[PDB]
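Presented below is the structure to which this report refers.
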Amino acid sequence: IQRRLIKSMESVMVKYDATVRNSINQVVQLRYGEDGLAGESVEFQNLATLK
Amino acid sequence: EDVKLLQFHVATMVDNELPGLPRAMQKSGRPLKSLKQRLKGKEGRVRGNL
Amino acid sequence: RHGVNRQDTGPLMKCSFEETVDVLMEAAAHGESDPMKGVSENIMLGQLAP
DNA sequence: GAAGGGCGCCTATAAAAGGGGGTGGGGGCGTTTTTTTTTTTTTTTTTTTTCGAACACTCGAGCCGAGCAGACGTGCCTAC
DNA sequence: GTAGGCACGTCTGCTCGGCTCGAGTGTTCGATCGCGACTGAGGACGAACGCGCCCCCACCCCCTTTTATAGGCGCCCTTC
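Chains as they are written, first to last, in the UniProt record's numbering: chain D, 860 to 910; chain H, 305 to 354; chain F, 1416 to 1465.
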């Protein structure tokens, strides 16, 4: 299951205008992860206004 | 018959696992390793060496 | 296997995954052109991957 | 009968010449058939988690078009 | 000049042929984690095979007899 999965997604990558596109240069997302943030720099937070 | 035999030998040269067809063998009885088999699996050129 | 091959990616990528000879035979027969734009084709070819 | 003894043929060498015979060397036919009804067996049939679709193919089926035939309508001939 | 009746034309529906549809059956593909790391399988590798035996041909050999020379031995016959 892991080998098959990597084999699909391998060529997707964030380009220098920050839209995420695969090998034939089709757009996957307009911004990576819909906000353009990094996954190792995020944290869990509480939203005050749902009070 | 010669054409049928030639057609078989050149086919078995390229691909030796043809469905419904006998397979090429040796005195050992081992199936021949044709070019498709060499490419095909985990131990094949595409994945194993390349 | 039967879905990834419907993608409009270059033929050499599709060979690197389970289809081996068969996708190359069809690629040769249609005469498609592989633009070496993706990660696998470039690593197999040996030039610095993008 | 069993056993030991005596007589005689055996193989080698030679060397020739005519003719029958053998093991080939190579090509042929690829049979068809005689049956023995066969080693081609059931591998494991599965012990299953089996597909996993995709694609080709099967077979049937229903809508639709043209032609045909009768009913309805029109066109043509005869009699007062 | 005019009206009624027989044949032909018009219209609609039934039958046949033509065109496209799927549940079903078939094929047929495929992969089955990573790595190891050991030997040692090192004797093979028994299968080689006739495939099926067939005829034509080519070439070499066996086939008698001579005589001397000698072990090896098969057979007959008398004695045990």
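Beta carbons are placed, not taken as given, at the ideal position from N, Cα and C, and that holds for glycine.
Partner residues on chain D for residue i, Cβ-Cβ distance less than 9 Å
i: residue 1423 (chain F); result: 883, 885
Boundaries (first-last residue) of the alpha helix (DSSP H) holding residue i
i: residue 341 (chain H); result: 339 to 344
i: residue 1454 (chain F); result: 1454 to 1460
i: residue 886 (chain D); result: Careful: residue 886 (chain D) lies outside any alpha helix (DSSP H), inside the beta strand (DSSP E) at 886 to 888.
i: residue 1465 (chain F); result: That residue, residue 1465 (chain F), is in no alpha helix (DSSP H); it is neither H nor E in DSSP.
i: residue 312 (chain H); result: 306 to 318
i: residue 861 (chain D); result: 861 to 868
i: residue 328 (chain H); result: Premise fails: residue 328 (chain H) is in no alpha helix (DSSP H) and is neither H nor E.
i: residue 1438 (chain F); result: 1436 to 1445
i: residue 1428 (chain F); result: 1426 to 1429
Chain F residues whose Cβ lies nearer than 8 Å to that of residue i
i: residue 367 (chain H); result: The question about residue 367 (chain H) has no answer here: the residues shown for chain H are numbered 305 through 354.
i: residue 340 (chain H); result: 1435, 1436
i: residue 344 (chain H); result: 1435, 1436
6 Å CB neighbourhood of residue i in its chain, flanking five on each side removed
i: residue 1454 (chain F); result: 1464
i: residue 1431 (chain F); result: 1455
i: residue 904 (chain D); result: none
Chain-ordered chain H contacts of residue i [CB-CB under 9 Å]
i: residue 1364 (chain F); result: Shown here, chain F extends from 1416 to 1465; a query on residue 1364 (chain F) therefore has no answer.
Per-residue contacts from residue i into chain F (C-beta, under 7 Å)
i: residue 866 (chain D); result: 1432
Residues near residue i in its chain [Cβ-Cβ closer than 8 Å; skip 5 each side]
i: residue 318 (chain H); result: 338, 339, 340
i: residue 1459 (chain F); result: 1427, 1431
Beta-carbon contacts of residue i that lie in its chain and below 7 Å, excluding the five residues immediately before and after
i: residue 349 (chain H); result: 342, 343
Inset, instruction - With 7 Å as the limit, tell me which residues of the region 1431 to 1453 of chain F have their beta carbon closer than that to any beta carbon of chain D; keep them in chain order. - result: Against chain D - using a Cβ distance shorter than 7 Å - the residues of the region 1431 to 1453 of chain F are 1432, 1452, 1453.
Inset, instruction - Take every Cβ of the region 1441 to 1452 of chain F, pair it with every Cβ of the region 1424 to 1433 of chain F, and state whether three or more of those distances are shorter than 8 Å. - result: The answer is yes - the region 1424 to 1433 of chain F touches the region 1441 to 1452 of chain F, with three or more Cβ pairs under 8 Å.
Inset, instruction - Report yes or no: do the region 335 to 345 of chain H and the region 882 to 892 of chain D share at least 3 C-beta pairs separated by less than 8 Å? - result: The region 335 to 345 of chain H is not in contact with the region 882 to 892 of chain D.
Inset, instruction - Take every Cβ of the region 891 to 899 of chain D, pair it with every Cβ of the region 869 to 880 of chain D, and state whether three or more of those distances are shorter than 8 Å. - result: A contact exists between the region 891 to 899 of chain D and the region 869 to 880 of chain D.
Inset, instruction - Residues of the region 886 to 902 of chain D with a CB closer than 7 Å to any CB of chain F: list them in chain order, please. - result: Residues: none.
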